[PDB]
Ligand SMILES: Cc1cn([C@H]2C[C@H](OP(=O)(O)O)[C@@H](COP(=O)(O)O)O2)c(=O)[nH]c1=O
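Shown here is one chain on its own, the form deposited without the named molecule, set out as structure tokens.
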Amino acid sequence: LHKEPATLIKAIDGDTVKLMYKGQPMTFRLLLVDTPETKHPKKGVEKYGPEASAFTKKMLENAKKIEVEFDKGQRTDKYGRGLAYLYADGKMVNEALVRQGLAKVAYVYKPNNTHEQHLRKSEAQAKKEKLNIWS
């Protein structure tokens, strides 16, 4: 797997962000994690939804460099969103969210599951620390 550079356009919510990637504007969905939503008509703002979005936004807005990491499977979902691991100054946004109790590890789908163990360890620790979603 290899990291590629990208530029923040807009953070949309905790797990969806609009980037500039290879000269084009593109929406990315964070691989392997599910944050609570602030969007949905049936839903509204779920618990920790706003927390999760502000975390993603701040982390990316304050970075010196952002990189995207594609996994080994398909790279776009049925909605046209890129599927990736996002890094802010070398720190994986996807893991940070999970380590802080702001996201659950998603239903995983082979072969897009390279960082699955890693995230699952941070999730267990977050649960143990009873953080946010785990409180």
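Each residue number is its position in the shown sequence, starting from 1.
The form solved in complex with the named molecule is left out here; the points below concern that form.
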Practice problem: Would you mind fitting the named molecule into the shown chain by superposing the local C-alphas on its pose in the entry with it bound and telling me if the pocket reads open or blocked at 2.4 Å from backbone or C-beta atoms, 3 atoms or more being blocked? | Solution: open
Quiz item: So in the entry with it bound, does any heavy atom of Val93 sit within 4.5 Å of the named molecule?
Solution: no
Exercise. Decide whether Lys78 counts as a contact residue for the named molecule in the entry with it bound under a heavy atom distance cut-off of 4.5 Å.
Key: yes
Quiz item: Can any non-hydrogen atom of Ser122 be found within 4.5 angstroms of the named molecule in the entry with it bound?
Solution: no
Self-check item: Residue contact check: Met59 to the named molecule in the entry with it bound, 4.5 Å heavy atom
Solution: no
Quiz item: Quick one: in the entry with it bound, does every one of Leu30, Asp34 and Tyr109 get a heavy atom within 4.5 Å of the named molecule?
Solution: yes
Quiz item: Taking the named molecule in the entry with it bound as the reference, which of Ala63, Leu83, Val105, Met26 has a non-hydrogen atom within 4.5 Å?
Solution: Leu83
Quiz prompt | in the entry with it bound, residues of 114-135 near the named molecule [heavy atom within 4.5 Å] | solution = none
